[PDB]
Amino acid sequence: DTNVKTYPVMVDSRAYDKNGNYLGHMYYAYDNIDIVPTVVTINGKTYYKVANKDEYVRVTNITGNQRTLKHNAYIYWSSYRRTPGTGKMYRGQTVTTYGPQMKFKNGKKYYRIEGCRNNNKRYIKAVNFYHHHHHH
């Protein structure tokens, strides 16, 4: 494989055959992974092929998703704690999120965002990417 990019795994990625069957192992955040940077669709979902393996990992977990804030957002380490020293992001700013929504112990859903590491945890509440806040 001659076309290869390196990216941190931002979310523990299940490894899948070309048919979208789980192979029983994972790639782990925040290790680097080598991928062929060509999007591959399998049963409606996007993957990258791991370099020199007939293995596929979800794009969302690697290069993630461009999302636009619909509301001012604080950056959270956990349910009740802001990432230390962080400010806010504003309605209209663009954020890279990785992976599906994650349910914290408060019961609310979060997106892991660019820069999140074990010593620098960075999440935004999912609702801040939706128009309707009928919950305030």
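In this text, residue numbers run from 1 along the sequence as written.
- Judged by mean Cα B factor in the deposited record, 13-21 ranks above the other of 122-130 and 13-21.
- Judged by mean Cα B factor in the deposited record, 41-49 ranks above the other of 41-49 and 71-79.
- In the PDB entry, residue 99 places in the lowest third of its chain by CA B-factor.
- Split the chain's modelled residues into thirds by C-alpha temperature factor. Residue 66 is in the highest one.
- Looking at the C-alpha B-factors along this chain, the one for residue 108 belongs to the middle third.
- Residue-level temperature factors show residue 89 in the middle third of its chain, judged at the C-alpha atom.
- Ranked by Cα temperature factor within the chain, residue 57 sits in the lowest third according to the deposited record.
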